[PDB]
Structures are given as C-alpha cells and as structure tokens.
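1. Give me the fold of what follows.
(one chain, ligands or ions: 2)
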Amino acid sequence: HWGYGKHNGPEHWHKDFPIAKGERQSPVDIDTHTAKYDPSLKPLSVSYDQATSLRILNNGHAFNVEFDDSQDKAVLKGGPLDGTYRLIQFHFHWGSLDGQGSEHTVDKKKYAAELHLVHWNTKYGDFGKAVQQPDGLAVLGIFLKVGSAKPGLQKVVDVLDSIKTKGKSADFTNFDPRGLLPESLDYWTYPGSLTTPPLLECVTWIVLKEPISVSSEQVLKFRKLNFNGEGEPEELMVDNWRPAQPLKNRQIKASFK
Ligand SMILES: COC(=O)/C=C/C(=O)N[C@@H](Cc1ccc(O)c(Cl)c1)C(=O)O
Ligand SMILES: [Zn+2]
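-> Numbers count the residues shown, from 1 in each chain. Ligands and ions are numbered 1, 2, ... in the order given. For reference, the structure is listed below:
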C-alpha cells in the first residue's frame with residue numbers, strides 16, 4: 001500500500017487517491033510575507049485540562065497517541081473555527097536528518113519535525129462523518145526545532161521502545177498534551193486536507209508561528225521506529241512527511257502582525 005519509499009511515496013499517491021492533485025491539498029509553504037493579517041480572527045481557545053489519553057500505536061506510517069473523544073474533554077475553539085472540535089489523536093512527522101521532517105514549510109524552511117493535533121467538529125457526531133465535510137476537522141500544527149529538550153515530550157519518547165513495529169500498541173494514560181505547546185498561540189490558518197491518504201479535503205489548518213525545541217536525543221529516538229511489522233525486514237521510520245503542495249486558489253490568514 002502507500003508509504004514514503006521510492007516506489008510508494010507521495011509522488012505515487014495520486015494513482016490510488018486522485019484527490020492528491022485537488023483544489024485544497026496540504027501541506028503548503030507558508031510565505032510569511034503573503035499571509036494576510038486578519039484582525040477579525042478571534043483568539044484560539046485550547047482547552048485540554050480534562051484530556052484523557054488512552055493508548056499509543058505504531059500504525060506503520062507514524063505513531064498516534066489516541067484520546068477519549070466521547071465527551072467534550074479536550075477541545076479546540078475560537079480562532080477561525082465555528083463550534084467545538086474534539087481532540088481524537090496526535091502524531092508527528094520527522095526526517096532522517098535535522099534539516100528536514102516538517103510537512104508545512106515557512107518561507108521554504110523545513111523544520112526537523114511537525115506535530116499534528118487532530119480534532120473533529122462535534123456537529124458531525126463522529127470522526128468518520130467529519131472527514132466527509134469541508135469544515136469537519138481542525139488540525140493544530142506545531143513545528144519542532146532541535147535545541148534544548150522538551151520535558152513534556154519525554155514520556156512519549158520513553159514508550160517508543162515498546163511500539164517499535166507496525167501494529168504494536170501500548171497503554172498510554174495520564175498524558176497531558178499541554179506540555180507540547182509553545183508559549184505563543186499566534187498562528188496562520190488556511191483550508192486544506194489530510195496529509196496522508198485518503199487525503200480528504202476536510203481540514204481547517206491552524207499552524208503555530210512559534211516552534212517548540214526538542215533535543216537531538218529526543219528526535220533520534222523517533223528515528224529508531226520501524227515502518228515494517230514484527231519479523232519483516234527492517235525499514236527505519238524516517239522521512240514520513242508529504243512535501244509542500246500548490247497553494248492554488250487559497251489564502252493564508254495570520255492572527256498576528
Ligand atoms: C492532518 O491530519 C491527518 O491527515 C489525519 C489523518 C488521520 O487521522 N488518519 C487516520 C485514518 C483514517 C480513519 C478513518 C477515515 O475516514 C479517514 Cl479519512 C482516515 C489515522 O491516522 O488513524
Ligand atoms: Zn500529520
């Protein structure tokens with residue numbers, strides 16, 4: 001199936017998923033000097049105090065930390081959003097080297113990694129229904145640069161040994177995603193898509209201006225994971241990012257000057 005190798009990577013996705021070449025695909029390059037400051041953009045509301053993490057899973061493309069989304073416990077509101085969006089899962093994209101790994105780019109700059117906190121619009125009842133709507137998902141994207149260690153990330157790093165191969169999962173309760181946020185909630189926003197197949201065009205992207213710093217030792221542990229399942233030949237899980245797609249008929253708004 002689809003992946004990030006020479007023969008099944010993003011260049012090939014359009015064959016099974018023709019929407020790959022569609023009107024609002026993600027990620028994109030964020031040209032900071034073309035983004036329009038929009039003073040009518042309300043502040044982002046991130047309410048994660050009652051967040052309930054359940055499990056961590058290696059799905060063969062990345063690892064997902066999954067949350068109980070059966071109630072309004074961890075939600076995104078405000079900013080460009082109408083209504084309430086519940087946190088369902090977060091995961092990362094990263095590189096084989098510190099100089100690549102992010103999906104979005106800022107003035108063509110690639111970051112070492114990118115975090116995606118995925119939320120769905122409660123008005124649609126469940127994640128599966130939400131992805132069929134143009135405003136079904138809100139994804140908060142955070143860049144990672146390599147520098148000082150992120151303490152709130154270490155609990156994630158430590159459990160990776162236990163989910164090394166595709167299909168492995170582990171218990172992962174009492175994790176607080178607030179430890180993954182930068183100081184500022186200043187952001188860019190644009191209409192886009194899932195960055196993995198089926199690449200559905202259902203996402204309001206909210207990309208934070210300020211990256212978080214993680215240590216080289218922390219990202220190094222991401223790179224020890226495997227794309228392959230247990231017993232299969234070993235392919236390191238690295239460079240699991242889709243490159244920037246054409247902006248086309250879209251505008252990027254900024255919450256700040
Ligand atoms: C930007 O974030 C994303 O691209 C998030 C992608 C994502 O959450 N994908 C799912 C799989 C999935 C399951 C049911 C469905 O109807 C579809 Cl369309 C996908 C996953 O990784 O578990
Ligand atoms: Zn992602």
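
2. Nearest to ligand 1: which residue in the stretch 101-250 of the chain?
-> Here the residue of the stretch 101-250 of the chain nearest ligand 1 is residue 194; by C-beta to the nearest ligand atom that distance is 3.2 Å. C-betas here are computed from N, CA, C, even on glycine.

3. tell me, how many neighbours does the closest residue to residue 173 other than its chain neighbours end up with?
-> Using C-beta to C-beta, 6 or more residues apart in numbering and skipping residues adjacent in sequence, the residue nearest residue 173 is residue 53, 5.8 Å away. Residue 53 has 21 neighbouring residues, counting by other C-beta atoms under 10 Å.

4. ok, residue 53 touching residue 178?
-> No - with contact defined as C-beta atoms under 8 Å, residue 53 does not count as touching residue 178 (11.5 Å).

5. before we move on, the earlier item: need the contact list for the residue nearest to residue 173.
-> Applying C-beta atoms under 8 Å, 6 or more residues apart in numbering, one finds that residue 53 lies in contact with 65-68, 172-177.

6. Buried subset of those as a PyMOL selection?
-> Selecting only the buried members of the contacts of residue 53 in PyMOL, with burial defined as 16 or more other C-beta atoms under 10 Å, works like this:
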select buried, resi 65+66+67+68+172+175+177
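
7. which parts of the stretch 101-250 of the chain sit against ligand 1?
-> By C-beta under 6 Å from any ligand atom, the residues of the stretch 101-250 of the chain that approach ligand 1 are 116, 118, 128, 131, 139, 194-196, 198, 200, 203.

8. now, which of those sits nearest residue 77?
-> Relative to residue 77, the closest of these is residue 139; by C-beta to C-beta it sits at 14.4 Å.

9. No more questions from me, cheers.
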